[PDB]
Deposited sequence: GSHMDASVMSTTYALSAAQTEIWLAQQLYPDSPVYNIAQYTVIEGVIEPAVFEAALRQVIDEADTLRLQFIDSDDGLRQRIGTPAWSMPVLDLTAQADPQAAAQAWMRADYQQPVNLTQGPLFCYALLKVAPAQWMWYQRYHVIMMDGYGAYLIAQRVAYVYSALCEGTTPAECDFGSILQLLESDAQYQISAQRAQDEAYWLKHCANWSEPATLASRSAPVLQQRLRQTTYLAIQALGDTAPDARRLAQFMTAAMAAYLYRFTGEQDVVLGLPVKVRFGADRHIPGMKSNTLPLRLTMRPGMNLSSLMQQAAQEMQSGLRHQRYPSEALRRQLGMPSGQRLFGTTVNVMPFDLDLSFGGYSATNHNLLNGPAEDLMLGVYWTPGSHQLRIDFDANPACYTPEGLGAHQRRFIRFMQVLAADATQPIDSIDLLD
């Protein structure tokens, strides 16, 4: 059958997994606590169908003598049914089993790239364990998969025929990427991004178990694009007021659009570098304006991948801070029983990732700081989060006040 080339990110993932074959961070993991009755045969059938619909789970990454490639195959898989009701702490035992799974490495040539499992933790409490490899999954795709599985399971339980998936096949993305590889548009994107990162020396960073720290707050003073624009400008201004460097680079993940009308689980976002210059006397207004100008001046070349741009200049990162503004993923129901999704692991982390989580019709925000241990300490990340949020609160109260006239914290 037909084989497709891997992306630059997938090739880097392959090479890093071949370098450190015992590192388990290239596995993202998640679990779904379900408060109700779960019968495992219906769930296994739902997984059987969803794995066929989300064909990124049926990809086989093989090695050749003419290039690393991937193919759509029929990978062998299973779903264990673990019962832990007859033990003292079933929560601890289930978490230990999960931790035992996502801590052992995964071989990419011959081996299972995902893992599904069901656990008894209480008489009416089953947890669905979901592990994937970074080479074929991201968090958004995992949530899409979990939602589709919940819907299909609820449909199969009540005997109804589940509706047709709203997923696009990964082969659409593969063909589009193969045609884009030989694009003249890709050549022009490379030209633009190379002329844009011209005099770009090492960027601004606060770099002095991923360090994760959340903080809930509520600003009283729109859309979800003004929100992300404001958070980008605020993070850049904070880096400029802490490091003293006027030319701040941030990472902005965008969802590339090439013609697909559906979501393709497995298709990842492209993190574009955003360059902001801090002139004296500038305020949040002009910073927002220049950030939007940089966004829409580089959105024309959105498809050029981050990794090709990075190693087309000299590989040690294009940016140290990433802004991820997104609403929460709605809770899912399995057959009529509501479920709560819990992240077990991520792994590949930019040195600092800023995650802002908003809710429709609400003033409450959630600020997450996911950083690299070798670059931050729990006290250093906590002090930075406290300093940035108050600095960001001073920004929201007056968009006309200059950045340099704002006082910083401890």
Q: Please list, in sequence order, every stretch of the deposited sequence that lacks C-alpha coordinates.
A: 1-9, 218-224, 238-242, 337-339
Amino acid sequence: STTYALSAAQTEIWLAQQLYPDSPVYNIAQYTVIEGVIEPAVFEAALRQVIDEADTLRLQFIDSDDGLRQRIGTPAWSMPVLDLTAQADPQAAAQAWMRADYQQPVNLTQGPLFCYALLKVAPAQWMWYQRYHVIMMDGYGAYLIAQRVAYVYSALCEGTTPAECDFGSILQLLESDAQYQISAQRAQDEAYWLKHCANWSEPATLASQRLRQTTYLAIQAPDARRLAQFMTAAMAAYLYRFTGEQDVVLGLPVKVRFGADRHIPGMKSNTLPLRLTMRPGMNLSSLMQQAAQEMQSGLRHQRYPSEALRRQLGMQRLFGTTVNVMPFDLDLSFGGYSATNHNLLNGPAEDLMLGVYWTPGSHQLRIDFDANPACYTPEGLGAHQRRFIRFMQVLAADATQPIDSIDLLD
From here on, numbers count along this sequence of modelled residues.
**Q.** Comparing 63-71 with 26-34, the one whose average Cα B-factor in the PDB entry is higher
**A.** 63-71
Q | Of 129-137 and 110-118, the one with larger mean CA B-factor | A | 110-118
Q: Tell me, please, which of 157, 278, 231, 260 has the highest C-alpha B factor according to the deposited entry?
A: 157
Q) Looking at 266, 327, 244, 203, which has the biggest Cα B factor in the entry? A) 203
Q. Considering only modelled residues of the same chain, in which third does the CA B-factor of residue 350 rank: lowest, middle or highest?
A. highest
Q) Hey, what third does residue 340 fall into on Cα B-factor, ranked over its chain? A) middle
**Q.** residue 150, C-alpha B-factor rank within chain (lowest, middle or highest third)
**A.** middle
Q: Could you say whether, by C-alpha temperature factor, residue 405 belongs to the lowest, middle or highest third of its chain?
A: lowest
Q: Would you check the entry's CA temperature factor for residue 251 and let me know if it's in the chain's lowest, middle or highest third?
A: lowest
